[PDB]
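Q: This is the structure I have questions about; it appears just below.
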Amino acid sequence: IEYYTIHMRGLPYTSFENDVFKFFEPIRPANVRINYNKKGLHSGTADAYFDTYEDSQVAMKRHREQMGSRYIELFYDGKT
């Protein structure tokens with residue numbers, strides 16, 4: 001299965017998958033992956049994988065202003 005990907009920068013180190021889901025609601029990513037280093041430290045970035053192109057494009061526009069109290073940078077990385 002192929003997904004449409006939004007790469008995210010600027011997440012707080014206390015924000016995990018459920019915060020990403022809250023960020024894009026009502027739009028629902030199929031899955032979310034928080035990025036860490038090899039010792040398990042939050043890297044401040046993440047990927048959100050959407051079911052359709054249409055979902056990913058709505059999510060690029062329509063989302064909360066902040067996650068926690070940080071502004072999030074979104075990058076549409078396309079399919080897969």
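Scheme for the structure tokens: letters A, B, ... for chains in order shown; per-chain residue numbers from 1; ligand numbers from 1 in order shown.
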Could you please write out, as a CSV table (one decimal) with N, CA and C atoms, in the first residue's frame, every residue of chain A that DSSP assigns to strand (DSSP E)?

A:
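Writing the result to selection38.csv gives the following:
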chain,number,residue,atom,x,y,z
A,4,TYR,N,0.4,8.9,1.1
A,4,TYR,CA,0.8,10.3,0.7
A,4,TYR,C,1.3,11.0,2.0
A,5,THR,N,2.6,11.5,1.9
A,5,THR,CA,3.4,11.8,3.1
A,5,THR,C,3.5,13.3,3.3
A,6,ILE,N,3.3,13.7,4.6
A,6,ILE,CA,3.6,15.0,5.1
A,6,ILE,C,4.7,14.9,6.1
A,7,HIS,N,5.9,15.5,5.8
A,7,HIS,CA,7.0,15.5,6.7
A,7,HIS,C,6.8,16.8,7.6
A,8,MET,N,7.1,16.6,8.9
A,8,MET,CA,6.8,17.7,9.9
A,8,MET,C,8.1,18.0,10.6
A,9,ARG,N,8.3,19.3,10.8
A,9,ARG,CA,9.4,19.8,11.6
A,9,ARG,C,9.0,20.7,12.7
A,31,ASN,N,-1.4,6.5,9.5
A,31,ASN,CA,-0.3,6.2,10.5
A,31,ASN,C,0.5,7.5,10.7
A,32,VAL,N,1.3,7.5,11.8
A,32,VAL,CA,2.2,8.6,12.2
A,32,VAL,C,3.4,8.0,12.7
A,33,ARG,N,4.5,8.5,12.3
A,33,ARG,CA,5.9,8.1,12.8
A,33,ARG,C,6.8,9.3,13.4
A,34,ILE,N,6.9,9.2,14.7
A,34,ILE,CA,7.7,10.2,15.3
A,34,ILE,C,9.2,9.7,15.1
A,35,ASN,N,10.1,10.7,14.7
A,35,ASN,CA,11.5,10.3,14.5
A,35,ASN,C,12.3,10.5,15.8
A,36,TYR,N,13.2,9.6,16.0
A,36,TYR,CA,14.1,9.6,17.1
A,36,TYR,C,15.6,9.4,16.6
A,42,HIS,N,13.6,12.0,21.1
A,42,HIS,CA,12.8,12.7,20.2
A,42,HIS,C,13.6,13.6,19.3
A,43,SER,N,13.5,13.5,18.0
A,43,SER,CA,14.2,14.4,17.1
A,43,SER,C,13.5,15.7,16.8
A,44,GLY,N,12.3,15.9,17.2
A,44,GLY,CA,11.6,17.1,16.8
A,44,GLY,C,10.9,17.0,15.4
A,45,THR,N,10.9,15.8,14.7
A,45,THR,CA,10.3,15.7,13.4
A,45,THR,C,9.5,14.4,13.4
A,46,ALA,N,8.7,14.3,12.3
A,46,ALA,CA,7.7,13.2,12.2
A,46,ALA,C,7.3,13.1,10.8
A,47,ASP,N,6.7,12.0,10.5
A,47,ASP,CA,5.9,11.8,9.2
A,47,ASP,C,4.5,11.4,9.5
A,48,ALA,N,3.6,11.9,8.7
A,48,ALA,CA,2.2,11.6,8.8
A,48,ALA,C,1.8,11.0,7.4
A,49,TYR,N,1.2,9.8,7.4
A,49,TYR,CA,0.9,9.1,6.2
A,49,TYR,C,-0.6,9.0,6.0
A,50,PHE,N,-1.0,9.6,4.9
A,50,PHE,CA,-2.5,9.7,4.6
A,50,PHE,C,-2.9,8.7,3.5
A,73,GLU,N,6.3,23.1,10.9
A,73,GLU,CA,6.5,23.2,9.4
A,73,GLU,C,6.1,21.9,8.7
A,74,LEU,N,5.2,22.0,7.7
A,74,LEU,CA,4.7,20.9,6.9
A,74,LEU,C,5.4,20.9,5.6
A,75,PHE,N,5.8,19.7,5.1
A,75,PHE,CA,6.4,19.5,3.8
A,75,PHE,C,5.7,18.3,3.2
A,76,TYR,N,5.1,18.5,2.0
A,76,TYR,CA,4.5,17.4,1.3
A,76,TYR,C,5.5,16.6,0.5
A,77,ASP,N,5.8,15.4,1.0
A,77,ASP,CA,6.8,14.6,0.3
A,77,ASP,C,6.3,13.6,-0.7
A,78,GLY,N,5.0,13.7,-1.0
A,78,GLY,CA,4.5,12.9,-2.1
A,78,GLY,C,4.3,11.5,-1.7
A,79,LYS,N,4.2,10.6,-2.7
A,79,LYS,CA,3.7,9.3,-2.5
A,79,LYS,C,4.8,8.3,-2.0

Q: Hey, what does DSSP flag as helix (DSSP H, G or I) within chain A? Can you give it to me as an NGL selection string?

A: :A and (17-24 or 53-61)

Q: Could you please take those selected residues and save N, CA and C atoms as a PDB file, in the first residue's frame?

A:
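So again_28.pdb came out as:
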ATOM      1  N   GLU A  17       2.491  10.491  18.906  1.00  0.00           N
ATOM      2  CA  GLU A  17       1.567  10.219  17.808  1.00  0.00           C
ATOM      3  C   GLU A  17       0.217  10.886  18.033  1.00  0.00           C
ATOM      4  N   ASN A  18      -0.339  10.786  19.251  1.00  0.00           N
ATOM      5  CA  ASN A  18      -1.675  11.336  19.458  1.00  0.00           C
ATOM      6  C   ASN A  18      -1.706  12.843  19.248  1.00  0.00           C
ATOM      7  N   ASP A  19      -0.603  13.548  19.527  1.00  0.00           N
ATOM      8  CA  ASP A  19      -0.566  14.979  19.217  1.00  0.00           C
ATOM      9  C   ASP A  19      -0.583  15.239  17.712  1.00  0.00           C
ATOM     10  N   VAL A  20       0.066  14.383  16.920  1.00  0.00           N
ATOM     11  CA  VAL A  20      -0.021  14.559  15.470  1.00  0.00           C
ATOM     12  C   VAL A  20      -1.449  14.327  15.005  1.00  0.00           C
ATOM     13  N   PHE A  21      -2.089  13.279  15.478  1.00  0.00           N
ATOM     14  CA  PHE A  21      -3.463  13.039  15.121  1.00  0.00           C
ATOM     15  C   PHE A  21      -4.313  14.257  15.499  1.00  0.00           C
ATOM     16  N   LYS A  22      -4.114  14.842  16.671  1.00  0.00           N
ATOM     17  CA  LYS A  22      -4.908  16.009  17.068  1.00  0.00           C
ATOM     18  C   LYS A  22      -4.644  17.200  16.164  1.00  0.00           C
ATOM     19  N   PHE A  23      -3.414  17.308  15.664  1.00  0.00           N
ATOM     20  CA  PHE A  23      -3.009  18.425  14.819  1.00  0.00           C
ATOM     21  C   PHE A  23      -3.776  18.434  13.500  1.00  0.00           C
ATOM     22  N   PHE A  24      -4.023  17.263  12.917  1.00  0.00           N
ATOM     23  CA  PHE A  24      -4.682  17.181  11.619  1.00  0.00           C
ATOM     24  C   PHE A  24      -6.178  16.909  11.703  1.00  0.00           C
ATOM     25  N   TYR A  53      -4.331  11.131  -1.811  1.00  0.00           N
ATOM     26  CA  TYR A  53      -3.795  12.449  -2.163  1.00  0.00           C
ATOM     27  C   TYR A  53      -4.689  13.553  -1.627  1.00  0.00           C
ATOM     28  N   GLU A  54      -5.996  13.419  -1.826  1.00  0.00           N
ATOM     29  CA  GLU A  54      -6.914  14.451  -1.359  1.00  0.00           C
ATOM     30  C   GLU A  54      -6.751  14.708   0.134  1.00  0.00           C
ATOM     31  N   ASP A  55      -6.652  13.646   0.930  1.00  0.00           N
ATOM     32  CA  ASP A  55      -6.428  13.825   2.365  1.00  0.00           C
ATOM     33  C   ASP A  55      -5.154  14.620   2.642  1.00  0.00           C
ATOM     34  N   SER A  56      -4.041  14.241   1.997  1.00  0.00           N
ATOM     35  CA  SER A  56      -2.771  14.896   2.287  1.00  0.00           C
ATOM     36  C   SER A  56      -2.829  16.375   1.955  1.00  0.00           C
ATOM     37  N   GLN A  57      -3.572  16.741   0.913  1.00  0.00           N
ATOM     38  CA  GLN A  57      -3.593  18.130   0.490  1.00  0.00           C
ATOM     39  C   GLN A  57      -4.454  18.990   1.405  1.00  0.00           C
ATOM     40  N   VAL A  58      -5.604  18.471   1.839  1.00  0.00           N
ATOM     41  CA  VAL A  58      -6.380  19.154   2.871  1.00  0.00           C
ATOM     42  C   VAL A  58      -5.526  19.333   4.126  1.00  0.00           C
ATOM     43  N   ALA A  59      -4.823  18.273   4.546  1.00  0.00           N
ATOM     44  CA  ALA A  59      -4.004  18.366   5.757  1.00  0.00           C
ATOM     45  C   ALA A  59      -2.899  19.413   5.644  1.00  0.00           C
ATOM     46  N   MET A  60      -2.344  19.627   4.447  1.00  0.00           N
ATOM     47  CA  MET A  60      -1.329  20.667   4.293  1.00  0.00           C
ATOM     48  C   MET A  60      -1.862  22.059   4.611  1.00  0.00           C
ATOM     49  N   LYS A  61      -3.156  22.302   4.390  1.00  0.00           N
ATOM     50  CA  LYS A  61      -3.778  23.607   4.629  1.00  0.00           C
ATOM     51  C   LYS A  61      -4.443  23.668   5.996  1.00  0.00           C
TER      52      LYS A  61
END

Q: Rounded to one decimal, what separation in Å do you get between atom CA of residue A:1 and atom CA of residue A:72?

A: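 Rounded to one decimal, the two atoms are 27.0 Å apart.
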